[PDB]
Structures are given as C-alpha cells and as structure tokens.
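A single chain, nothing else alongside it, follows as structure tokens in the form deposited in one PDB entry.
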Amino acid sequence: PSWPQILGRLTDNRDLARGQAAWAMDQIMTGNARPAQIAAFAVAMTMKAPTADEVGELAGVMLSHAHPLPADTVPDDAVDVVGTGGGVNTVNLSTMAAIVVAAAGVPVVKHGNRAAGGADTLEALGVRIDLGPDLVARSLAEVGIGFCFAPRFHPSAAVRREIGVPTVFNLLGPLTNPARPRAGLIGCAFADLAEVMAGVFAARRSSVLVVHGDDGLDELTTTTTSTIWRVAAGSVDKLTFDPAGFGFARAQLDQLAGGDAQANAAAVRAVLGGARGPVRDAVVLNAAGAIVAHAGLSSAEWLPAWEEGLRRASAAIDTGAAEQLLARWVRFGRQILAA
C-alpha cells in the first residue's frame, strides 16, 4: 500500500482494498504521515459511505497503539456506555446512565477526552479523569467504574486543528476503548455508521446494543421510537424499540437537551438525588439498555431482560446507590493514590 494508490482509489470513488485502511492508519499513528496525507485521507474517509471492513481496520490499528489496562484488571463483564455525538450532544444522559449502571453492580469502563465532551462533565462533578492505566484499573476494582482519558491512553493527527472540522476519526470512540469491554450501549447519531459499527462489534463477538433515536438522538430516546442494532452471538438484528411499552411517557426533544459542563453537573445531581421527569426517564432507559447488553454476555429473552434492566436501573437511583457511587468515585480520586 502507498498513499498514491490509496488516495487514487478514493478519488476514483472506490472502496479501499483489504489492508489499505490499516496501513494508512498505522502510518498516521506512528508519525510517518504528513499533514496533507492525514488531511486528505481523513476528509476522504468522512465523505465516502462507511464499510465494516474499513472501519474495523481503522479502529483495530487505533486500538493497537493504545496503552492497555494491566492484565486481568477488567472484569470479563465490564460494559461501555457512550454516544458518538455528531449537532447532537447527550453527554448529560450518557454520563448519568454510566453512573446508574455501575451502581446497579455492572462494572463500567468509559473512555474519552475534554469537550473543546464527556470528560469535562465528569471533572465538573469532581471526578478525577486524568489517571494512568494502573489507577483506572484500581478505580474499576474499588469503585466499580473507570474512565480512560484519551491523552493518557492514546498518545499517539493534530491536523484537526489544521482543517477545523470533525472527521470519521472523531466518531470511532466506541470501537477504540482501551479497556476493550465486551458489552455496551452505544448511541450513534448517524444511521449508516451505526449499522457499520454494529457489524464491527459482531465481528468482535461483543454483546452490544447500537442505538439511534428515530428523532436523530444518539441514545435511546423517549420522544418516539428508536432503532436498535442488537449484536449477539456474532450477528446483527435491526429492530424498533418503543419505550411506551415499558410505561414511558412521550417527551419533547428540548426536554432532554444537555448544556455546558456545569449545567450537566447540576442535572446529574438532580437526577441522582431522585428528581423525576423526562431526563430521569431517558437515563433509566439507557442504563437499562446497557444492563440488557451486559445480560447478553452470559446467555436471554428480550422483553424480560428489559424489565429486569429497568428494575435494576430504577433501583440504583431510588435506593440512593447511584448518588453514593458518584460520592465514592469522587472520594477515590481525592485519595493519595500511589503507583
């Protein structure tokens, strides 16, 4: 593979040959690509319709250059809870849902970066996001949730300053979690990429629900139905989900909207403290979706899994388990943590 061969193929409106996406991504990650090459390739791969083979290569290479967690520190049953975003932002919902899932006893391992987001809302809550692999492993063990801060794990494409627009590279987070959880609830704002991502997770034998609100939300919505790509036993089933089937009132899109880091942090405290309304509803639904994906690792009938997921999610909040998990998480980071 070479850049001319690859860029020529792209300009010809063709998909890449096997291995070409991997080679290009590896050149970038090792510092061997020039700004022009990075930019042309990033823009081209954002314009062209995505494929599972190419995305799998891109994400696989990105993942291979990440620091892993120390051996045997990630519970076999750990889950991710994340949206891709992409004018959609549900960092509010995803953050709250992650804390609820962890409080329900399912280990959560998230990953990401600051917003200028995910990480900023966590810092606004007092969570210490900037930890090395050993200490993230210790948080997972001791608190039941960990956060893999991108700068610390993926050292390893500042051309994004160069060109000032996001690219496909910014949408691969769910496939590049350094802790490699085998289950998850993955929200995606673009239906074409959601289906592709589902195919990658199937190839990895993950138990994941890839979710897209039929209102465009990158989470399970409460305003209408959602599309779910249910990934289990190496295969994908696409279906429709109606939360009214579990007693959830239809909400309005603007009721679910996030804000800045401080606005988000206030809502997290409201919801964890028991405030009821459209936001809590959406949090419980997405937490339940993650718990359903987790259940999928071990077996599980769909409707009963949902009823159990929703029971566990609601209880995590209503028992105060969630509010207290957050307190323990803040407490952990404030300790004198030694290597």
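Heads up, when I say rigid core I mean the largest set of C-alphas that superpose within 1.5 Å between the two forms. One-based numbering along the sequence shown.
Below, we turn to the form deposited in another entry, even though it does not appear here.
Of the residues 214, 130, 134, 162, just one CA atom moves 2 angstroms or more between the shown form and the other one under rigid-core superposition; it belongs to 162. For residue 64, a C-alpha deviation below 2 angstroms is recorded between the shown form and the other one after rigid-core alignment. The Cα shift for residue 314 between the shown form and the other one, taken after rigid core superposition, is smaller than 2 angstroms. After superposing the rigid core, the Cα of residue 14 is displaced by 2 Å or more between the shown form and the other one.
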